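Enquirer: Supplied in structure tokens, the structure appears directly below.
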Amino acid sequence: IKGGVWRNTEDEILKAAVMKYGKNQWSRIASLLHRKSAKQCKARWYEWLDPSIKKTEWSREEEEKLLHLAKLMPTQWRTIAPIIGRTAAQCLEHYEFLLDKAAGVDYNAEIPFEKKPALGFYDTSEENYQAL
Amino acid sequence: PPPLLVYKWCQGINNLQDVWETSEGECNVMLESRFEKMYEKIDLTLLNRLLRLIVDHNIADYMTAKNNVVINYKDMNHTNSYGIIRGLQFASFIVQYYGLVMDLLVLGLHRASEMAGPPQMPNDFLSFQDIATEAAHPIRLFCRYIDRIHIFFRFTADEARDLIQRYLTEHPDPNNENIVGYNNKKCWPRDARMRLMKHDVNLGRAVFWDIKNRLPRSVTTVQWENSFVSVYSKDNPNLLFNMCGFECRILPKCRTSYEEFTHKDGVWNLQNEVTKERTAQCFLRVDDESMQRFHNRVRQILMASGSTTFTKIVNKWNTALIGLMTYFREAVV
Amino acid sequence: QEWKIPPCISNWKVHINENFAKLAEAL
Amino acid sequence: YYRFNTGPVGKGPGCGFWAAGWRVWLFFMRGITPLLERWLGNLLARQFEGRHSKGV
Amino acid sequence: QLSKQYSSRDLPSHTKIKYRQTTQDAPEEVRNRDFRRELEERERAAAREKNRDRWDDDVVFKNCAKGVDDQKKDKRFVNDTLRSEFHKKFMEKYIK
Amino acid sequence: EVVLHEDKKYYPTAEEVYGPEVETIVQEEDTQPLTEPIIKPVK
Amino acid sequence: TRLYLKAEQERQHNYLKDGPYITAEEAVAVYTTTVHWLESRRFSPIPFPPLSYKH
Ligand SMILES: O=P(O)(O)O[C@H]1[C@H](OP(=O)(O)O)[C@@H](OP(=O)(O)O)[C@H](OP(=O)(O)O)[C@@H](OP(=O)(O)O)[C@H]1OP(=O)(O)O
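Protein chains in written order, with the authors' numbering: chain H, 6 to 108, 207 to 235; chain Y, 947 to 1279; chain Z, 247 to 259, 282 to 295; chain F, 613 to 668; chain P, 25 to 78, 188 to 229; chain C, 56 to 98; chain R, 780 to 834.
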């Protein structure tokens, strides 16, 4: 019931919330949005919205590396995805794309505690000061 | 149900061919062990090819690809690229199938096929197509309960001696200088010297060692520490073992049973299927670790409830207590 | 300059072996 | 009571023979006295001197 | 300005001082002793003591357990809390 | 070659790091179990 | 929990660094053996569940 499609409003508000609160507090960020939970917010951050994620075409090297690795460790996408530097869902889609296109008074009264200054080789007798 | 399995296991032993006869020096060996780390050492890449032999490649790639996910606890996140996740819904089938594979390792294909018999007329839990299929080989009864191994061996004296000679071969350590050469007096007759007490251990360790060498360490392993061995021979009347929660002893009447007697139902009579005779007795005893679990369950009731109502606790007690009693029953007394 | 201390602003308050290739191609 | 109510005499109320019970409370008091002196001493001292400020 | 307050802890206990005796190891003995000789000879004795002290026709696999002699992992002490062998054993035991 | 995570050495042998001349011994447990007196009384 | 997950992360990282422990020839031995077993057992593979499946 809570599940559904992601909205530009929810997604931008997710950007701002993640910016303000920080990465480790999910319940606080899920509190602001409606119809979405904390798990969904976190996985939605790390899966897609995260700026460190690389959204662009795959170069030739990334295709060589992806194909080789996928033939090395079949069906393991969460192991391969960090090695090529792409999202697991993304490299999946691209792979099926490659096979697809490959064929109180202490203050104010009396001076709290008083230290009269000590007296030294000079005359302080005379000195007094003006009012305000 | 598991206890009925214990019963099938006991009468399965007692129905074996000439099982208790020590006349020629026959030796029986019960061996119980675990695979130690089994779940944790399953390799995903291999598991994929193993499942491709069973089900449609899609199902296999789903099952495997599921075991590769992110484990999160509060702060921590990591990827599991190696060990299998137990908590998966279908993890059971992976466990039992992989276990089938390692079984094929332990028993060997010839013997295993002998046990499952011909696929056109498969056998039941314990029985063989023929007697000659029983006598054909040292391995007699093989029972695997999830990750636990229960094995029952029948040896003629020669086969046993061979095993002992191989273990006591490249298995010296060699070490133990004080133990190995211990001096004694050869001047006297055997009986006036180092009797036979530990000599029974040899056959046991040779068994356990032989089993272990059939399991490559990188796949799975078996630790002597967690395992247990018992041996039945003209020196040892009693045969002990542990299946599931039950600690079981077996004393034949062909050995020294002295006075034949009945007792409370804690004594099972093992009845020969052929001759309808009571050929031995199995005593049941509730295993230690079980008692420990129950005790931690009561302690769970006391500790975890400081708030809860008094009628509620009594429900907790009753539930745990019937949980023990319906299951164990006879062995409790 | 050396003893400039990066502010500890709080956030609270990978390689692979080639043996995998030999194995996988083997299987 | 067992020894006292031995014969004709029944389970009735009247047995005097305290000496024993009396002893017991006196032993109690012998020991508890110094305790109460020390505890009541402190009670009085807190009452009059004040609860010590420092909790040092 | 000394308070009449008391406390349980404070009361007399062990009012006597146990002076060391002559066989316990009074300072008199110590002053006279040649420690170095004693220390050497004890050491030598210890060293001496130490010296005195010391079918299946079908299978996948040929023997794995060939030269596998335990290894000194429990002889190594490690000053690292998560890689001490003690910690490994603890971790092994209490998690499933 | 390959080492299972069962073993996998981290850190050199205790002895090796210090060198041969020094003796390195790991005391765990103890001896002279406690009811014994360090400093034994006169009689 | 925290310790266990630590040593866990250790074991994963060491399994990636140190590569598969099963070596190779061993793994081939396993796969082959299983193949022989399922062969002599006439086991037919389990197919994918069809759209129309009465159970
Ligand atoms: O027979 P009594 O002179 O009336 O003595 C009774 C009585 O003693 P017996 O029953 O042994 O004759 C009670 O015994 P129980 O009823 O408890 O069996 C005893 O009680 P205790 O066992 O606690 O001593 C009770 O004392 P109480 O009423 O406090 O229980 C005590 O009479 P007193 O009350 O006069 O001691």
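All C-beta atoms in this analysis are idealised placements derived from N, C-alpha and C, irrespective of residue type, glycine included.
Looking only at its own chain, which residues have a Cβ that is under 6 angstroms from the Cβ of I94 (chain C), when we skip the five neighbours before and after it?
Expert: Once the five neighbours on either side are set aside, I94 (chain C) has no close Cβ partner at all.
Enquirer: Could you spell out where the alpha helix (DSSP H) holding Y783 (chain R) opens and where it closes?
Expert: It spans 781 to 797 - the alpha helix (DSSP H) in which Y783 (chain R) sits, taken as one unbroken run.
Enquirer: Is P96 (chain C) near ligand 1, with its Cβ less than 7 angstroms from a heavy atom?
Expert: For ligand 1, not one heavy atom lies less than 7 angstroms from the Cβ of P96 (chain C).
Enquirer: Does the beta carbon of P829 (chain R) sit closer than 8 angstroms to a beta carbon anywhere in chain Z?
Expert: By this cut-off, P829 (chain R) is not an interface position.
Enquirer: Whose CA, out of Y:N994, Y:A1226, Y:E1205, Y:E1116, lies closest to the CA of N1159 (chain Y)?
Expert: Checked all of Y:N994, Y:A1226, Y:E1205, Y:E1116; the closest Cα to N1159 (chain Y) is Y:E1116.
Enquirer: Roughly how many angstroms separate the alpha carbons of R40 (chain H) and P253 (chain Z), rounded to a whole number?
Expert: Taking the straight line from one Cα to the other gives about 38 angstroms.
Enquirer: Applying a beta-carbon distance threshold of less than 9 angstroms, which residues of chain Y neighbour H815 (chain R)?
Expert: Per Cβ cutoff of 9 angstroms: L1050, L1055.
Enquirer: Looking at chain H, is there any beta carbon in it that lies within less than 8 angstroms of the beta carbon of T1079 (chain Y)?
Expert: It does not; no Cβ of chain H falls within 8 angstroms.
Enquirer: First and last residue of the alpha helix (DSSP H) that includes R1275 (chain Y)?
Expert: No alpha helix (DSSP H) holds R1275 (chain Y); DSSP gives it neither H nor E.
Enquirer: Just curious, the beta strand (DSSP E) that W53 (chain H) is in, first and last residue?
Expert: Unbroken run through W53 (chain H): none, as it is neither H nor E.
Enquirer: Who are the neighbours of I284 (chain Z) on chain R, taking C-beta pairs under 9 angstroms?
Expert: Here the neighbours are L795, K796, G798.
Enquirer: Label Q659 (chain F) either buried or exposed according to how many other C-beta atoms from any shown protein chain fall within 10 Å of its C-beta, with 16 as the threshold for buried.
Expert: Label assigned to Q659 (chain F): exposed.
Enquirer: Compute the Euclidean distance between the alpha carbons of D189 (chain P) and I1085 (chain Y), then round it to the nearest angstrom.
Expert: Roughly 11 angstroms between the two C-alpha positions.
Enquirer: Which residues have their C-beta within less than 7 angstroms of a heavy atom of ligand 1, listed in chain order?
Expert: Those satisfying the condition are, in chain order, F:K623, F:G624, F:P625.
Enquirer: Indicate whether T991 (chain Y) and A292 (chain Z) have their beta-carbon atoms separated by less than 8 angstroms.
Expert: Result yes, Cβ atoms of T991 (chain Y) and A292 (chain Z) sit closer than 8 angstroms.
Enquirer: Helix or strand or just coil, what does DSSP make of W1214 (chain Y)?
Expert: Strand, per DSSP.
Enquirer: In the DSSP assignment, what are the bridge partners of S823 (chain R)?
Expert: Looking at the DSSP assignment, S823 (chain R) forms no beta bridge with any residue, so it has no partner.
Enquirer: Would you mind working out which of Y:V1175, Y:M1048, Y:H1003 sits nearest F194 (chain P), comparing C-alpha positions?
Expert: Among Y:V1175, Y:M1048, Y:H1003, the Cα nearest to that of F194 (chain P) belongs to Y:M1048.
Enquirer: Just to confirm, does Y1273 (chain Y) get its C-beta within under 7 angstroms of one of the non-hydrogen atoms of ligand 2?
Expert: Ligand 2 is not among the ligands present in this structure, which contains only ligand 1.
Enquirer: Where do the ends of the alpha helix (DSSP H) carrying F219 (chain P) lie?
Expert: Start and end: 218 to 227.
Enquirer: Report back the beta-carbon spacing between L103 (chain H) and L72 (chain H) to the nearest angstrom; my notes put them in contact at under 8 angstroms.
Expert: Rounded, the Cβ-Cβ distance is 7 angstroms, consistent with contact.
Enquirer: Anything in the region 1057 to 1091 of chain Y with a Cβ closer than 9 angstroms to a Cβ of chain R? List those residues in chain order, please.
Expert: Correct list: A1058, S1059, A1062, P1065, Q1066.
Enquirer: Determine the DSSP secondary structure at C1133 (chain Y), reduced to helix, strand or coil.
Expert: Looking at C1133 (chain Y) - three-state DSSP - the assignment turns out to be coil, as it is neither helix nor strand.
Enquirer: List the residues that DSSP assigns as beta-bridge partners of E978 (chain Y).
Expert: The partner list for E978 (chain Y) (beta bridge, DSSP) reads Y:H1096, Y:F1174.
Enquirer: So which of Y:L962, Y:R1243, Y:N1261 has the shortest CA-CA distance to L1072 (chain Y)?
Expert: Nearest of Y:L962, Y:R1243, Y:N1261 to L1072 (chain Y), Cα basis: Y:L962.
Enquirer: Work out the CA separation of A657 (chain F) and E83 (chain C) for me, nearest whole Å.
Expert: Distance between the alpha carbons of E83 (chain C) and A657 (chain F): 53 angstroms.
Enquirer: Using the DSSP secondary-structure output, state which residues sit across from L1230 (chain Y) in a beta bridge.
Expert: In the DSSP output, where bridge partners are listed per residue, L1230 (chain Y) has Y:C1194.
Enquirer: Can you tell me whether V809 (chain R) is buried or exposed, with buried defined as 16 or more other CB within 10 angstroms of its CB?
Expert: Result: buried.
Enquirer: Establish whether the CB of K64 (chain C) and some CB of chain R are separated by less than 8 angstroms.
Expert: It does not: the Cβ of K64 (chain C) has no partner Cβ on chain R nearer than 8 angstroms.
Enquirer: Spatial neighbours of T968 (chain Y) within its chain, please: C-beta separation below 7 angstroms, excluding the five flanking residues on both sides.
Expert: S1179, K1180, listed in sequence order.
Enquirer: Are the C-beta of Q45 (chain P) and some C-beta of chain C separated by less than 8 angstroms?
Expert: Yes, its Cβ sits closer than 8 angstroms to a Cβ of chain C.
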